[PDB]
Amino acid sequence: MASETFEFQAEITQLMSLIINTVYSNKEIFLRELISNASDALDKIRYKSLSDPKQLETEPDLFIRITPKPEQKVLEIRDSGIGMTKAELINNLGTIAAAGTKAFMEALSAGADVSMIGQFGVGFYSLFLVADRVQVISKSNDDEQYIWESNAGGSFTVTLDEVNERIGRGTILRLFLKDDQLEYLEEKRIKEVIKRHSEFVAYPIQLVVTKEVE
């Protein structure tokens, strides 16, 4: 319940500020980036399990799941991958990405397409193309479930999770969509973005759709 507050390394702050404010036209690339991250996390729990099969037991099903939450203007991207500990959330989302953000920012200033962001290993931050706030909710086998929260400002919070559904293992990216990016809540649009940029994914991609019965 009591949150802890941390400062972003200056370079990450710089990268986020640029992305949340950019008028780049191909914002849909965020979904490919987050699906790729989900796939990586799943690769890692699968590989870890080769020599430690009990690691799968916390969530035997390996999947990527996409859930639009229209009333809240939220889009969730979930995986049952390896997940992240508290220390991992703090270090990797707040500091380790710093250098990668610098080289990528230099490439941007030179004319690189924002879509290159994954090749510089900082594609997580592409979520700010469509969202002005994010909660990363994560459960590693090695720690409790935690919430990392950022609004692209210079600081982020980490809080022990006593408010969200239990995930057996893995991560939820909960995107709070900008008012002009609500198209990414629609089933039709989501399918077309997946089919276009994520053709070769080794894991099931599940879409959770809410429909009124008549």
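Start at 1 with the first residue shown and count on from there.
Look at the C-alpha B-factors of 101 to 109 and of 127 to 135. On average they run higher in 101 to 109. With 77 to 85 and 112 to 120 compared on mean CA B-factor from the PDB entry, the stretch scoring higher is 112 to 120. Across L42, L34, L175, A152, the greatest Cα temperature factor reported in the deposited entry is at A152. Sorting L182, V158, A38, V163 by the CA temperature factor given in the entry leaves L182 at the top. Sort the modelled residues of the chain by CA B factor and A10 lands in the middle third.
Remark: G170 belongs to the lowest third of its chain, ranked by C-alpha B-factor as recorded.
Among all modelled residues in this chain, the alpha-carbon of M16 has a temperature factor (C-alpha) in the middle third. Split the chain's modelled residues into thirds by C-alpha temperature factor. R46 is in the middle one.
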